[PDB]
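# 3D model of this:
(16 chains)
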6 protein chains.
Amino acid sequence: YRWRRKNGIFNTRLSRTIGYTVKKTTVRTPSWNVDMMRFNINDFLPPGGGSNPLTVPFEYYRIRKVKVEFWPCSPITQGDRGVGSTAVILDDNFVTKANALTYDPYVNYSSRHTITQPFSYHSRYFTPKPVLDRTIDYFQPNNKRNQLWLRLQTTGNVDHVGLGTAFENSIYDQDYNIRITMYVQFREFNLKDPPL
Amino acid sequence: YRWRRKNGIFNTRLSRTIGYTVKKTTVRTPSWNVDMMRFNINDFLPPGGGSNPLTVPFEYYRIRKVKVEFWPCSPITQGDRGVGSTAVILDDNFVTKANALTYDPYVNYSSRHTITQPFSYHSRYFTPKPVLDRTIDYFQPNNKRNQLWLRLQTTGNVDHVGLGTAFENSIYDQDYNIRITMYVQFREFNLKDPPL
Amino acid sequence: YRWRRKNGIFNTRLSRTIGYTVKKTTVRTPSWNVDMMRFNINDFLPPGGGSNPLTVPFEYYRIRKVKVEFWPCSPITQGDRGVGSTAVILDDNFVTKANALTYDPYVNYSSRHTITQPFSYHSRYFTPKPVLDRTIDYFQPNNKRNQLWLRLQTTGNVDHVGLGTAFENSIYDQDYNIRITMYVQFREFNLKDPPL
Amino acid sequence: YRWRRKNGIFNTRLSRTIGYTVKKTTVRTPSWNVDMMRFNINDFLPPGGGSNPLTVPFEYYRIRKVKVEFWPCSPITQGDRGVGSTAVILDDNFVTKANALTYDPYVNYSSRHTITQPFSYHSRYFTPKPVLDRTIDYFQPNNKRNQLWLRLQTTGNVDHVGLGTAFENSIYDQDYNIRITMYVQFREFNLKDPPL
Amino acid sequence: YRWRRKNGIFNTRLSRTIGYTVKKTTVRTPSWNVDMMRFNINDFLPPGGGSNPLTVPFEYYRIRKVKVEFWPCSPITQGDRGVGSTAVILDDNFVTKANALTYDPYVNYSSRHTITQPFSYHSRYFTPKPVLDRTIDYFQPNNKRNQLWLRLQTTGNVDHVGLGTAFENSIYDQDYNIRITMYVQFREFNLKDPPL
Amino acid sequence: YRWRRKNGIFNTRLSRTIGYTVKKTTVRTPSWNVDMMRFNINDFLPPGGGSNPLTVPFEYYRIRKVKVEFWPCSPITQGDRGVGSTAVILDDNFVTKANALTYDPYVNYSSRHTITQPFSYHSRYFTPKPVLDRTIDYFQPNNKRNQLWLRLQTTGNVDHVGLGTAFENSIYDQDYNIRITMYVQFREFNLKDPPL
DNA sequence: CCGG
DNA sequence: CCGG
DNA sequence: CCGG
DNA sequence: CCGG
DNA sequence: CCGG
DNA sequence: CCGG
DNA sequence: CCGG
DNA sequence: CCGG
DNA sequence: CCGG
DNA sequence: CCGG
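Numbers count the residues shown, from 1 in each chain, chains lettered A, B, ... in the order given. Right below this line is the structure:
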């Protein structure tokens, strides 16, 4: 029952990069540094110009998958190692941002995938969900056919969600180089062609 | 296409109990007493304590089914019997609360299941729907795979809906003992374990 | 998995009619006249009376299809012909209303179906979508089973969407006689029957 | 042997519109009005902005097909009809532009497709070729696999070629509304994403 | 994938004739006389007249094969015989023109076909290539389907290439009668027919 | 249709080596160092002597494949790691040479293959293309049979193309030892043999 | 010889 | 003749 | 009654 | 009970 | 790693 | 690694 | 690594 | 045209 | 009409 | 229409 098909469909990929810095602490007991992570397409698609407001000429879109990647910045020979946890949060209900917490809150989460620290690579390939209603915080299951479409706005696209972190603090700085790869699916090729 | 599977899924059951009292009237013509019925999970799940805010350690949820039960409180030997009607209302558009109405408004509803009164048992096993937008009042069909998930909030869970009643008035009080059994499906086991 | 079935389902049809007048212009270069088109069921269902607020005794509804028809009003012998375009817009993001634009913006749209002007007939049989959130502008694919239901309100039904036009200006007036046929599917027969 | 495959390939469509005006003449003998037609993608793709110079984020391209369309502007009731000819010219060697020529030069061309005038529609769906060397004027056959790729420049794209016309003059003006639809195939998705 | 077919295709043959004179020398050591050979269609097709500039009414062309023939002019009873070599040079990089060279440079060439001298017949049936870029000197393999087409210019056709010679000097003159047969393939029959 | 075969064909390999030095920077935000990479056979084939101008006795050539190799020079114990990107650029349109750029421009390129830095090995085995026209920047697909041949010039061979880099800056120098292996295919063995 |  |  |  |  |  |  |  |  |  |  249609079943995509050709009506403007253009599956593609997008990626960006950012640094994340887990700081030092004189504390020696196991303490974690919690932080969330949001996804918004405006940080991937820069603005176009003229009658075409975006750089990609399409109207609708829906994010199929996201591949986060924690490419580290610390060396192999770093000591005071640790262990962390990454979990998938599909409702904009993260666990409060904290620099030092006495436990790993994302450890018993069913979507937990362990992190080895501080020199290892960790990746999480999942389906995010959008924030339609913050008061109610609803979202639908993972079904490709009946997944929703969303207008590709110019400046006010909705904040997708889907990941929260908990890194174990250490004496030394644990710098990281995060890469947020996104697998998008656009529709309704809406290019304009004025004269001149 | 996943197809639940194990990722925190915990099907269970919940139940509560309340009294409902259809009062007397000197009127002898057939008159009905209309009233609605709302379902909210906060009335089933009491609050937890500490880092775990709820009593059930899960994040998401979705109500599969509801089984209302009208366990009466009147004896078999009660006279001035009557006949009522229960209907399923999935849009928060009930029929105005009234102590005496000259007709059964929920009689021609396609979801009508007759009530015998005042000493009989009546049950309604159906799928409720949540109230996402009161202005628009939309809801989706009954499909288990693509049913929505909802964040399990602490104090502001959304008011599910799905039943309205119309009991025929009588000279004698018609007390009832309602039992609202709920069949829920949670996800993302999110238990915390601080020290001490 | 139910799979409609009989529970109040009444597939039917509705239609209305309106005039649309593309005006003259002394300009001779190709210039277009852009305009959108919205669909709201209150313009099809007039109000009832008494306990039954609508003319159709049903509670829910969902629009399956819409068939727009541009029955012209100009003769065959009209000169300064042109060419236009109709496109499907499912997000309430039309292209700004304009009396004279130097290009056809809806020409490269994947949902484009060409118009011959000014004496030809043009029809567009498609599935519209409702406006649930204007800020986010989301909508679901075309799937009959899992399509949403909507409460049939009395005065504030939601504005469905799905078509935008671009007619090429001409020296002569290009009057049209638009017919908006709608294919609706109601549910939950909710007729009242007071006495008298 | 690869055989496109996925490496940035995005088949799409582009279109524009222009007026063409065959003027009157007091001459009554059969006389033709010859004119060529060139295709350049800069007239279809407007310029982008910032690090992305174009509106379409791709590097290479190759035009598969072109569909010219002579949507007329004259009425059915126009007299002094005529007959013309359209031919495919793949070498930038057209036949000299002339307002009145005593014969149809594009009539015996093997790629001739007759035009009925002045109120009929005529279309030509063919494969154009680029202008690599004007001195030598070479071009390759129609083979999809081994067709060349071309850099998608910002302001100096090469002038594709492939059509020449010969319309029969008439007492009355024969205005037309030409539509040049292009079927392009891009490659190497080269989008940039600066911060801010 | 078309696969010629009928669209103006006219395979034919052309031929011309010229004398080539290897001169005497008092030298008795083996010495060779090197010379190249170029092919240009203007030496085969004389100019037409009027609107038809050429004698053959076609637009494009591509040379499939060339058959050079060294019909000698010397008698059987000639002494001081020798031995030479003919090679195929597809890049306009011949070996410098020389009246006396101490070796046969075209002897080890893979495309070498020996000549017996001075009274024998020698023929070379090969596919030439055009000179598209002298700086780069590129050419494509022998494939009939994907061979290039070339505009049939009036006075500036491109110089095809493909043969170089090395004849062994002798006391007596070695006159030859060269015949350059060409197997051409035209396209796009472009005949004009003015009145009178 | 010939289908190489023996007519001088000599597939072989060539290789060279060079150092590439990504310098330090006090900047700590993610910044990249962009640089291109060109391939010219004169850097692989040194000049011969005498009548044979090259070291390899052949006339034509065509580069089938190139294998770049980033053999690092930094130790395993180096900190402030990073992440880069290599992409294939077949049109001589690289991304401007820069010592510090706030983003990875070659990240979203379809031909992107990630680099781990600074102690890892990275290789890219691809088919380059030559620079026939800088103004137009055309190139043909990857097809072995119909790939072009090129004259093997002595001092002015054309600059093949096909790779661009983007390395992430770091506090420490990131020296590399690049190896450019080339897989060439020659033709027309053209050796000379003068006396003495 | 003729030769797509 | 070309010839692994 | 129990009910995915 | 619901019932085309 | 995740692990009934 | 080698790679037609 | 790439990933619909 | 009618169109689930 | 749409058209890989 | 194109048409051996």
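# doesn't residue A:113 make contact with residue A:84?
No. Using Cβ atoms under 8 Å, residue A:84 makes no contact with residue A:113, being 10.0 Å away. (Each C-beta comes from the backbone N, C-alpha and C, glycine too.)
# these two: which has the busier surroundings?
residue A:84 (25 against 15; other Cβ atoms under 10 Å in any protein chain shown).
# for stretch A:127-141, measure first residue to last.
9 Å (Cα to Cα, to the nearest Å).
# for chain A, what spans make up the strands?
Under the criterion DSSP state E, strands of chain A are mapped to A:10-22, A:32-39, A:47-49, A:52-54, A:60-72, A:82-87, A:98-101, A:113-117, A:123-126, A:138-139, A:149-151, A:160-168, A:174-187.
# so which of those is nearest residue F:185?
Closest of the strands of chain A to residue F:185 is strand A:10-22, at 34.4 Å (criterion: Cβ to Cβ).
# that closest one: how far from the chain's middle?
Distance of strand A:10-22 from the chain centroid (Cα atoms, centre = their mean, to the nearest Å) equals 8 Å.
# OK, contacts around the closest residue to DNA strand I within chain A?
Going by Cβ to the nearest atom of the strand, DNA strand I is nearest to residue A:141 of chain A, at 14.5 Å. Residue A:141 sits next to B:2, B:145, B:146, B:147, B:148, B:149 when contact means Cβ atoms under 8 Å, 6 or more residues apart in numbering or on different chains.
# tell me the one of those nearest residue A:122?
residue B:2 (22.1 Å).
# now chain A against chain D: closest residue?
At 2.9 Å from chain D, residue A:49 is the closest residue in chain A, using Cβ to the nearest Cβ.
# show me the contacts for that residue.
Contacts of residue A:49 by Cβ under 8 Å, 6+ apart are D:47, D:48, D:49, D:50.
# among those residues, who's most crowded?
Neighbour counts for the contacts of residue A:49 (other Cβ under 10 Å) peak at residue D:48, which has 22 neighbours.
# you'd agree it is up against residue D:58?
No. With contact defined as Cβ under 8 Å, residue D:48 does not count as touching residue D:58 (11.4 Å).
# touching both of these two, which residues are there?
Joint contacts of residue D:48 and residue D:58 (Cβ under 8 Å, 6+ apart) do not exist.
# returning to that earlier point: closest one of the contacts of residue A:49 to DNA strand N?
Of all those, DNA strand N sits closest to residue D:48, with 38.2 Å by Cβ to the nearest atom of the strand.
# tell me which residue is most central in chain A.
The C-alpha lying nearest the average C-alpha coordinate of chain A belongs to residue A:39 (Cα atoms, centre = their mean; 4.5 Å).
# relative to residue B:7, how far out is it?
Taking Cβ to Cβ, to the nearest Å as the measure, residue A:39 falls 20 Å from residue B:7.
# got phi/psi on the residue in chain A positioned nearest to DNA strand P?
For chain A and DNA strand P, the shortest gap (Cβ to the nearest atom of the strand) falls at residue A:6, measuring 28.1 Å. Backbone torsions for residue A:6, taken as degrees, to the nearest 10, come to phi -130, psi 0.
# what's around it, how many residues?
Residues lying near residue A:6 (other Cβ under 10 Å) number 7.
# count the residues that sit near the closest residue to it other than its chain neighbours.
Among residues not flanking residue A:6 along the chain, residue C:110 sits closest, at 7.9 Å (Cβ to Cβ, 6 or more residues apart in numbering or on different chains). By the criterion of other Cβ under 10 Å, residue C:110 has 19 neighbours.
# so what's the nearest residue to residue A:91 once chain neighbours are set aside up against?
Spatial nearest neighbour of residue A:91, chain neighbours left out: residue B:151 (4.0 Å); criterion: Cβ to Cβ, 6+ apart. Contacts here follow Cβ under 8 Å, 6+ apart; on that basis residue B:151 touches A:91, A:93, A:136, A:137, A:138, B:59, B:60.
# farthest pair in the residues you listed?
Greatest spatial distance among the contacts of residue B:151 (Cβ to Cβ): A:136 and B:59, at 14.2 Å.
# so the two - more neighbours on which side?
residue B:59 (24 against 19).
# which residues does the more buried one contact?
When contacts are counted by Cβ under 8 Å, 6+ apart, residue B:59 touches A:89, A:91, A:93, B:8, B:151, B:152, B:186, B:187, B:188, B:190.
# ok, the second one touching residue B:60?
Yes. At 6.7 Å, residue A:91 counts as touching residue B:60 under the criterion of Cβ under 8 Å.
# would you mind naming what in chain A lies close to DNA strand K?
Residues of chain A lying close to DNA strand K (Cβ under 7 Å from any atom of the strand) are A:112, A:113, A:114, A:116.
# recalculate using a threshold of 6 Å.
A:113, A:114 (Cβ under 6 Å from any atom of the strand).
# got the residues of chain A near chain B?
Counting by Cβ under 8 Å from any Cβ of the partner chain, chain A comes close to chain B at A:88-91, A:93, A:102-103, A:105, A:107-111, A:133, A:135-144, A:146.
# swap the cut-off to 10 Å and go again
Contact residues, chain A versus chain B (Cβ under 10 Å from any Cβ of the partner chain): A:29-30, A:87-93, A:95, A:101-112, A:127, A:129, A:132-147.
# among those residues, name the buried ones.
Among the residues of chain A next to chain B, the ones that count as buried by 16 or more other Cβ atoms under 10 Å in any protein chain shown are A:87-93, A:95, A:101, A:103-112, A:127, A:129, A:132-133, A:136-143, A:146-147.
# can you tell me the distance between the two ends of stretch A:125-145?
One end of stretch A:125-145 sits 19 Å from the other (Cα to Cα).
# so that stretch, near DNA strand M or not?
Yes. Judged by Cβ under 6 Å from any atom of the strand, stretch A:125-145 comes into contact with DNA strand M at residue A:125.
# that stretch: how far from the chain's middle?
13 Å.
# which residues touch the nearest residue to residue A:191 once chain neighbours are set aside?
Nearest residue to residue A:191, sequence neighbours excluded (Cβ to Cβ, 6+ apart): residue A:57, at 3.9 Å. Residue A:57 sits next to A:8, A:10, A:48, A:152, A:186, A:188-192, C:108, D:12, D:45, D:48, D:55-57 when contact means Cβ atoms under 10 Å, 6 or more residues apart in numbering or on different chains.
# how near is residue A:57 to DNA strand K?
Distance, residue A:57 to DNA strand K, using Cβ to the nearest atom of the strand, to the nearest Å: 41 Å.
# residue A:160 too?
In terms of Cβ to the nearest atom of the strand, residue A:160 sits 24 Å off from DNA strand K.
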